[PDB]
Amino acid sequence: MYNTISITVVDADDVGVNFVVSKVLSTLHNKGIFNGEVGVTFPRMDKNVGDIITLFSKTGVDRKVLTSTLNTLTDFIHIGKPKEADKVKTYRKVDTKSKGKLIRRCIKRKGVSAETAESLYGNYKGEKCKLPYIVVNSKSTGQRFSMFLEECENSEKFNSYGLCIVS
């Protein structure tokens, strides 16, 4: 049994559902909601994540704290009432590694030249993921990327985005 609370995207025609989902997830991340005890799941995920973001936790989920955390997005969301669920679908984030990323790390670790690395990776294409994803702007790394979500076994350990990590 997990305590769950649901965030439904609402009245978002001007910006799009995926935009609101992206800002909700990033705001929860930036404000420290995902402290390792809170997971995230997406009940209406089919090919994108859907229009509902559900937080789940063993400890209490507080509607007041959640609303104040998202107080710059309340016009685009409806925060539901606390519930509880038996089996929650859990997710992890799959990362793609470009050829340039791999070549640069090879140069650092193997101490080889650029053309040596290009030859060693000459038949590498790059990960092309089609899973549902949420666009994320990382401040510390200065990058925008597509956070691909893959259904996983519930490890009961979660990262700063509410996604399962190995324990």
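From 1 onward, residues are counted along the sequence shown.
A.B. asks: Check the entry's C-alpha temperature factors for 2-10 and 157-165, then say which stretch has the higher mean.
C.D. replies: Of 157-165 and 2-10, the stretch with the higher C-alpha B-factor average is 2-10.
A.B. asks: Looking only at CA atoms, which has the higher mean B factor in the entry: 25-33 or 108-116?
C.D. replies: Mean B over CA atoms: larger for 108-116.
A.B. asks: Highest recorded C-alpha temperature factor, please, choosing from 102, 45, 53, 134.
C.D. replies: The C-alpha B-factor peaks, among 102, 45, 53, 134, at 45.
A.B. asks: Lowest, middle or highest third: where is residue 96 by Cα B-factor in its chain?
C.D. replies: CA B-factor rank for residue 96: lowest third.
A.B. asks: Would you mind checking where the Cα B-factor of residue 40 ranks among the modelled residues of its chain, as the lowest, middle or highest third?
C.D. replies: Lowest third, going by the recorded CA B-factors of the chain.
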